[PDB]
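Data first, discussion second: the structure below is written as structure tokens.
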Amino acid sequence: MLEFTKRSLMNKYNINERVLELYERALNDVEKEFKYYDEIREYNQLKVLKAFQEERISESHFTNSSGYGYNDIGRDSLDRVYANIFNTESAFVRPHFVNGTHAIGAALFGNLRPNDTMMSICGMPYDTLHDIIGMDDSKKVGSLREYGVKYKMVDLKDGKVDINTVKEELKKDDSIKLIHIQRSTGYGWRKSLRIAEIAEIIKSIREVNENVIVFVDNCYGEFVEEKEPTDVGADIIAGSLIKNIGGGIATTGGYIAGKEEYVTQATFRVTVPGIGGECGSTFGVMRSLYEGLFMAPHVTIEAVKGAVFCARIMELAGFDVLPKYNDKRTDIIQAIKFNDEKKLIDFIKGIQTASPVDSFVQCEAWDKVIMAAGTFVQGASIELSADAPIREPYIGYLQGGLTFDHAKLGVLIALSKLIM
Amino acid sequence: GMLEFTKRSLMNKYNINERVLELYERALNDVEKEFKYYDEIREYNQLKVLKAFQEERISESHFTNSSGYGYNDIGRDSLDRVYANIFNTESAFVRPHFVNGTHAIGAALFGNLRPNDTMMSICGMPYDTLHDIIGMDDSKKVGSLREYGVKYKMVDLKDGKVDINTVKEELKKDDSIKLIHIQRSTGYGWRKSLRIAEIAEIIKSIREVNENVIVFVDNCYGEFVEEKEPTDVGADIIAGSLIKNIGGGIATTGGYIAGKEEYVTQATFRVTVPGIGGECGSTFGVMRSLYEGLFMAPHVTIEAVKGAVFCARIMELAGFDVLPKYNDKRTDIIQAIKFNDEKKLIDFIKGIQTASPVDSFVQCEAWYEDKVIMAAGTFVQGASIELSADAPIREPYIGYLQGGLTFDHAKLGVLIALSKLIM
Amino acid sequence: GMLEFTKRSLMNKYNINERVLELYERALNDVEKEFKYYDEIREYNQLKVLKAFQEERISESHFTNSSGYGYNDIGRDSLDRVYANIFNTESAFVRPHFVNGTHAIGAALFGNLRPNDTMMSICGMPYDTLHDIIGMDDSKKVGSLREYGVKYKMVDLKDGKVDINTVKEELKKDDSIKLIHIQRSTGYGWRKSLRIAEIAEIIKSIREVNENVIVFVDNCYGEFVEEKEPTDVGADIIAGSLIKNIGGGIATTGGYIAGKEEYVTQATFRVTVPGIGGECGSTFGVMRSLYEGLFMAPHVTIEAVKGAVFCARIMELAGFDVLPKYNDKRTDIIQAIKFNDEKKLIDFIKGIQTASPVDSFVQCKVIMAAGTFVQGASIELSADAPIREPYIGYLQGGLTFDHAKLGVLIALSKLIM
Amino acid sequence: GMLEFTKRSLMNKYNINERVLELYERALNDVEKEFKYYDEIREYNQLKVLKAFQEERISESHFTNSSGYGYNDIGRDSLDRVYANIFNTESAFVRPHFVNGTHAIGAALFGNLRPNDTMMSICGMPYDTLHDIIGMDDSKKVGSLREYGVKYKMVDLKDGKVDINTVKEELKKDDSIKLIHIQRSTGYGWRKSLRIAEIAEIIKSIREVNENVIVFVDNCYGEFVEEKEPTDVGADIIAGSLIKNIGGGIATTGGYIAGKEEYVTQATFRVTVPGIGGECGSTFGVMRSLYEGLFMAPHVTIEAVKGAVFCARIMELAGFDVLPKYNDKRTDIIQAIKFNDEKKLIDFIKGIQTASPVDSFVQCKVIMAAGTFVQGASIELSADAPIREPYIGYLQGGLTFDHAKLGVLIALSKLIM
Ligand code: NA
Ligand code: NA
Ligand code: NA
Ligand code: NA
């Protein structure tokens, strides 16, 4: 570390000698893990490079479509590039999705009908999916439930997917048509599901039912591993372009990838029956989406490095963390158990102060939920960010970092508010 | 008093002949009183829009450039308030995210219907693009209303008019009818589009038996053609395309839904998802163009109306049955011409393409049980407030002309097209 | 005529009074023949623009989204060819990179002048924004023509007209005179703008003595107001702003230079740099709006002209001196009104701001109304005035005649009852 | 620890061979300490950018969408401030209006020169693109400095170094010398680019003789490669391109000028016009991308530096002469390789094209690989070479080190096995 970097961190940010010694130890400790992620990153960069070349991407795919957007070659080729990367029959990538929940919800709705049953098998889903499902019948929101779609949820057993109950439900209920698997844990204290764990779960599903649609919410997992859920038997997946796969450059949108049958059904929900993905001009965003995809394998691993570094420094400082720095990652999220409300809030506020945009904004608990979100793209979580519900045992979630230098610095700034 | 240089260019470059120029002079004189009538309406509508801008205090800060989630895009949210004011509705939902007007119409229907509910169309067969929304072919799996348990009834016209007595009989008999669908603009037929005063009476009749059924009007092509909109005469919810009238020729994509807050809000959950609705959705930097387009819409709409009315008269002077007639007061921007001959139809449509500023050199081909042909040489792909024309190829070979960013363009296009049929 | 609900809304919202509404009905009737005349010109110009589009085979592929160097931006390069066709010139250079019209004008001048050359303005004192380009304050270091050794001469008007005999005497005497500057639109004065036929005669006189001197015309506010442009009557080079007439109210920034290839090319080296010229310059995805703007320009321009003409008549009927009169055939979109009272001027201009769709609530030495979609776009309804005797105000623009008309009624109602 | 499937894919898709893979493992190990060194600089620069953003209080409101004149575009004005903070200068002028880096350099030059002034280049012959700006071909009329009466002196290098004693002698004898031109990055030559410490000494020597002469540094390709910039060691004004380092691979066009307010302001009058300068100029909605690109610039620049250093070592290990050597600390992102053979040169450059994500299939006197997202952006993996003895090729860029690395492997496999 240059003398001038250290002087500046101490004077400008009040980073103290205690935190700097933790920093030196943590950075040395994560070196072998980091070399492991570099190998994945290189494979993934090549994977993406190959897809671009096989689709013959050129300046002409950087379209500026208008109106109906009939024959937007840029738009249609990107879908082909995503299908190739995910090893799927089809893909549907659009700026029109307002967030990742929109993509997930469209995949769900598109592939469900009255009297079908949807079954989540990783316990309670992410809060934003509750209205899509219809978990509150005092509200009229056009949920699955309101359209006659039944819902089953399998709690985790011994902290793992209760695969024996999943199989028994499949044997006993012919109306189950789609199983929902969530790759990234939300607000809990449980490790996100690795690709090999998804692979086994699907292997067990197929022993019982070869037809049920297996859907995986892939948000935050893209390019973290050398494979995606589609490589291990997922029929359809969805995610958000302002997380990993947009490389920090995409300004909005989402994707759905998988079997043509299922992707196509989702598209009729995203637009309307009879139109699907055949119309939809793209506002001039195609170059950003392409460049973002190309930079995604790299930026994803900057973020993963940030998470692994955070896990180790916080563990050394005395905090319980999940996952541990040497637990191989499947997503970019890092959880830290503060066990103290003030420590939680001080930490999150620290991340905001480490942010390039709105660094001066004082984070307020809006159970209330506090967030650091000083990013170029509003809501992008590939950029350094953090959030947490305010409740015992005061776990915070950190994710993102356009560069590891930024993530690292953020953590140093934040930890410096908690220990000296 | 066409300038000598204009006449020379038209005759030399476009092979417009003296017979056509004589029809032009007569037609222009014949439609002058009609044009003055539309100017009165335009003035009113221009003022209605200006007041809506000023009441919402539109400023430069509404010309947003939102990203990501688009949480608190003040431009977007204020445009919704401006449209709600113009249409005299509780709410509105205007977004570039709609891929076409069919999407906006579909979202309004899906959002406000549930399994075991019945939707009822009362103006006969809907526009072709709605057939999959409804679910008219049970051999296709397209996620239609029918596939979601929504029943469908359709009331044929009787003696060319909405059969208001059968509509009432259906409402008395069928408790499950939750939404009535009115299409303002006729599609491919030989029937005048429904005027606002006609819609008013239809609704007044519905309200004699049932004050709760949702009255939905597909308002495509009708915005600013009259001094009132369907929402001013009892419509609960309306939908349209921003690349037709209301975009002023400047909007590059999108749609709108307007009406009662309850029904607009339900539509938003179909457009995005339950729980989000219109709370998320950045707008790609399009807001300035949508506002400016709205401001210019009353004007541009009436340029297209004038083109339709002038077309009606001149083709009639040439011997053709047209609909509506030049002096039938309009409710939309569409003009139909019965060519009664396949070649004449095709030649006319190709001539429209050749009169266009974009893709003028493209040779239109007959590209449903019948082939369709289209002239679509426009700055915005598929925009029909720009001069365009289309037709299914079937007897008696009716063609449909609409649009014109300026009346001069529309007029020139008709002369060019007509000079391919008569000499 | 005006619908009852329009009348009521105007009265209730803007306190438009009966006197003003009676003047409206008279003025509108009075200007109808003039309006028919402008419609003939509009029709011709619309056709000539359409023909230029068709001749360049404009297609959706011209709606470019170029990046970096912008090598081979076909939309860019075709628009230049479409303008050159419209203006009947060898070349044109149309770019969003010009920050305003003064930038385009400046580039045309700098590009075609060298040290020891003399520029001569022949319509008296140029618009204030050109003063630094010329270099009229020797206490400022601004990179002016004077700082680069370019001499300047300015011929005053004589009896209100261009002093053509002095122009010719100067040309006979001073062989360093390389460029003559003509300003089509009058600025802040009380003098009618120069019509195309007046420009034709001036250039014919110049050409009696000298066929080599560059004749440059600042064409701002003039585009599509007549059926000809200065390039049709002997101008070697012209320049203007895309946020005035020729952008059709759609263009968001930029400018143009049109004329002989030799002079347009020299201009381009000043806009970028020697050896690059117009060969580089990506265009930010603005191409579709520039093409559409151009297509709608003949129409929008005439809406603004009607607004001026209607304004001239109603204000004359209300008792004010106006220039030009409603029946003086126009060459630009500007209308001047001599208020002879500071408070009447200010109230008028504040009225125009309250009639505006954007920033209608914003409060407003030089006073300005500028509540527009595009910042500083003067094809949109706007007005301005320096605060000095005899308190002349300048109105210009109107995306639609209805908007311009409504604004004049709102503003006039603040002055008379 | 290259994964087995990475290896198989490289061999099977690109015919990468075992010899090249063996050299890869060696070279990667050999450059590790150099890489750790660049990570220290990257961390420092990352922090210095972050501080600049925070000191200017960058917010979502800086992500402007200005129109027309662009008066008070706060995103635009704040970015100038951020740049000025980063470069430790009084002022900066950052605009998408620059068509390339040459435009920015040319404007800084023209803006600060007047007739009878002399410009002196002190690093030998400038980059070819500057020749018309200076005016080196008296048979062309291109608006060059020469055509505006600006004299030119050029001091040849002596024994490969800046001839500082000649520079001082010139300054002592020629009072008309107003600006000194230093080029940081070597062009198409075989000489190491000038390090910041070398620039510091040059300026220190200049200041022993003349405290007033303007010292201009063309900074292209050098941003964020060292922990200081030329403005930190005495430069009065610098210029560069936003589609090179400082755009972070995200900027789609534009350039920057930074330095003393006096000199930057004079440059702005050349970029637009006298009296306007940088006060007008809307920015087409590009602001977010320029801010994010700047934030990512320290990182992306070092990825490109790593690519160059890795290239240097692997190519050295393969038997080629390279400049600089892998262990010569860098000042820019360029790597030169002397092929001593026309075909090897061409084959190498064709390889780089085949490794590109955009236009990878496009076929390619000066040969170039340029399969990039932003047209002409040299921060992305690219290569070029004039075809002349001794067949030196120039490699630069890489949005990620993995990309640069894979490109060198693909290209090198075409030459050895
Ligand atoms: Na694949
Ligand atoms: Na209202
Ligand atoms: Na011409
Ligand atoms: Na500083």
Side-chain angles (χ1 to χ4, degrees), chain B residues 39 42-43 46-47 49-50 295-296 298-300 302-303 406, chain C residues 2 10 14 16 20 23-24 26-32 34-35 37-39 41-42 45 185 193 221-226 243-249 296-318 320 322-337 348-349 351-357 368-373 377-385 393-413:
Chain B
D39 288 346
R42 184 176 64 191
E43 178 181 67
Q46 179 80 81
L47 178 60
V49 173
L50 177 58
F295 192 71
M296 298 170 41
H299 184 95
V300 175
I302 293 293
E303 294 300 296
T406 73
Chain C
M2 175 177 288
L10 285 179
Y14 303 109
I16 289 173
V20 169
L23 290 178
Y24 167 58
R26 278 157 60 193
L28 195 65
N29 284 334
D30 288 351
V31 301
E32 178 184 37
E34 299 300 313
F35 280 22
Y37 169 94
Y38 296 111
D39 286 352
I41 294 171
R42 180 183 67 192
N45 286 337
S185 180
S193 297
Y221 297 111
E223 306 88 352
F224 301 124
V225 176
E226 306 199 37
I243 68 166
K244 301 176 175 154
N245 305 22
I246 197 153
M296 310 189 271
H299 183 91
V300 176
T301 294
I302 293 293
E303 294 299 297
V305 174
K306 292 180 172 183
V309 168
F310 168 78
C311 178
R313 184 52 170 169
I314 202 177
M315 298 302 287
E316 178 186 11
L317 291 181
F320 299 92
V322 298
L323 179 155
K325 298 299 290 288
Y326 84 103
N327 57 350
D328 292 324
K329 298 303 186 274
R330 305 313 175 91
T331 200
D332 67 27
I333 61 157
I334 309 303
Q335 182 57 48
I337 310 155
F348 184 84
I349 285 169
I352 298 294
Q353 184 78 35
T354 68
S356 300
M368 294 176 19
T372 63
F373 297 101
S378 50
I379 187 51
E380 292 188 61
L381 186 66
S382 45
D384 49 81
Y394 302 87
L395 180 93
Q396 69 280 311
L399 287 182
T400 73
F401 168 67
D402 283 317
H403 184 218
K405 152 176 52 157
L406 293 168
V408 168
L409 298 182
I410 287 164
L412 180 55
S413 292

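Lettering follows sequence order; numbering is per chain, from 1. Reckoned from all heavy atoms, side chains included, excluding hydrogens, waters and symmetry mates.
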Report summary line: Minimal heavy-atom distance between C:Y221 and C:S185, with the atoms involved, is CD1-OG, 3.9 Å
Query raised in the report: Can you name the closest pair of heavy atoms from C:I246 and C:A297 and give their distance?
Result: O-CB, 3.7 Å
Report summary line: Shortest non-hydrogen pair, C:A377 vs C:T372, comes out as O-CG2, 4.0 Å
Report summary line: Taking every heavy atom of C:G393 against every heavy atom of C:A385, the minimum-distance pair comes out as CA-CB, 3.8 Å
Report task. Would you mind reporting whether C:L395 and C:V408 have side-chain heavy atoms less than 4.5 Å apart? Result -> yes
Query - Min side-chain heavy-atom separation C:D39-C:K306 under 4.5 Å - result: yes
Query raised in the report: Is the backbone of C:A355 close enough, under 3.5 Å, to the side chain of C:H403 for a donor and an acceptor to pair up by distance?
Result: yes
Report task. Determine, stepwise, if the pair C:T354 / C:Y14 fulfils side chain to side chain donor-acceptor pair (under 3.5 Å). Result -> CA-CA 9 Å; C:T354 68; C:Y14 303 109; over 6 Å; no
Query raised in the report: Is there a side-chain contact between B:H299 and C:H299, using heavy atoms and a 4.5 Å cut-off?
Result: yes
**Report entry** Side chains of C:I334 and C:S193 in contact at under 4.5 Å (non-hydrogen atoms)
**Finding:** no
**Report entry** C:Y326 side chain reached by C:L317 side chain, heavy atoms, under 4.5 Å
**Finding:** no
Requested in this report: Any chance you could measure B:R42, atom CZ, to C:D402, atom CG, to the nearest 0.5 Å?
Outcome: 4.5 Å
Requested in this report: Hey, could you give me the CG/CZ distance between C:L412 and C:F320, rounded to the nearest 0.5 Å?
Outcome: 6.5 Å
Query raised in the report: Is the side chain of C:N45 donor-acceptor paired with the backbone N or O of C:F224 at a distance under 3.5 Å, no angle test?
Result: yes
**Report entry** Heavy-atom pair of closest approach, residues C:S356 and C:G371
**Finding:** CB-O, 3.3 Å
Report summary line: Nearest heavy-atom contact between C:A312 and C:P324 is CB-O, 3.6 Å
Query raised in the report: Just how far is it from atom CZ of C:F401 to atom CD of B:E43, taken to the nearest 0.5 Å?
Result: 8.5 Å
Query raised in the report: Does C:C311 reach the side chain of C:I337, with side-chain heavy atoms less than 4.5 Å apart?
Result: yes
Requested in this report: Apply the test side-chain contact (heavy atoms from CB on, under 4.5 Å) to residues C:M2 and C:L10: give CA-CA distance (whole Å), side-chain angles for both, the deciding distance (0.1 Å), then the verdict.
Outcome: CA-CA 11 Å; C:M2 175 177 288; C:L10 285 179; 3.7 Å; yes
Query raised in the report: What class does the angle between the rings of B:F295 and C:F373 fall in, given that below 30° is parallel, 30 to 60° is tilted and above 60° is perpendicular?
Result: tilted
Requested in this report: Take C:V309 and C:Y38 through the test side-chain contact (heavy atoms from CB on, under 4.5 Å) and record every step on the way to the result.
Outcome: CA-CA 10 Å; C:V309 168; C:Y38 296 111; 3.9 Å; yes
**Report entry** Flag side-chain contact, heavy atom, 4.5 Å: C:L381 against C:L399
**Finding:** no
Query raised in the report: About how many Å separate CD of C:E303 and CE of C:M296, when rounded to the nearest 0.5 Å?
Result: 12.5 Å
**Report entry** Gap between atom CZ of C:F310 and atom CE of C:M315 - 0.5 Å precision
**Finding:** 10.5 Å
Query raised in the report: Would you call C:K325-C:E316 a salt bridge at under 4.0 Å N-O?
Result: yes
Query raised in the report: Is any side-chain heavy atom of C:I16 closer than 4.5 Å to a side-chain heavy atom of C:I410?
Result: yes
Query raised in the report: Taking the side chain from C:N245 and the backbone from C:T301, do they hold a donor-acceptor pair closer than 3.5 Å?
Result: no
Report summary line: Paired with C:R330, the side-chain hydrogen bond (donor to acceptor under 3.5 Å, both in side chains) test is passed by just one of C:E34, C:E226, C:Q335, namely C:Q335
Query raised in the report: To the nearest 0.5 Å, how far apart are CG in C:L23 and CG in C:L28?
Result: 12.5 Å
